[PDB]
């Protein structure tokens, strides 16, 4: 690797963040660097408690950039899920602090992002969903909604 690499801002921040994540040993959350860069991650987040996704698992990839901490990583669903806020075409979750520049915060660490994702992805913003059918079905008969999720698993 290029000399001075192990000295990049993003790399050092993610390095620190990962040690923290490991120390935190958060139940229901797994994240592993899938590159020497520490830029590419593979993550699994269990469905929040007492939520429609109880018992389910969000399998995502998180791509950070050398701008990290000044910029949000890019999160994508490995397999496009039937979800009110996940772009059915991009597999990307509509999350404010991820899509709205004014919402990003340099206080967001790998841990924050993971816990925030868990809560948000388990509590859709029916307001103005990207996936209409998913939201619609969710609204009426959340039991059917679940049935569909299981079918998608």
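Numbering follows the first chain given and starts at 1.
Requested in this report: Look over 122 to 130 and 97 to 105 in the entry and identify the one with the greater average Cα temperature factor.
Outcome: The stretch with the larger average C-alpha B-factor is 122 to 130.
Query - Average Cα temperature factor in the PDB entry - higher stretch of 113 to 121, 49 to 57 - result: In the deposited entry, the stretch with the higher C-alpha B-factor mean is 49 to 57.
**Report entry** Position of residue 12 among the chain's modelled residues by C-alpha B-factor, lowest, middle or highest third
**Finding:** Lowest third.
Report task. Consider only the C-alpha atoms of the modelled residues in this chain, order them by B-factor as the entry records it, and name the third containing residue 90: lowest, middle or highest. Result -> Highest third, going by the recorded CA B-factors of the chain.
Report task. Would you mind checking where the Cα B-factor of residue 63 ranks among the modelled residues of its chain, as the lowest, middle or highest third? Result -> Lowest third.
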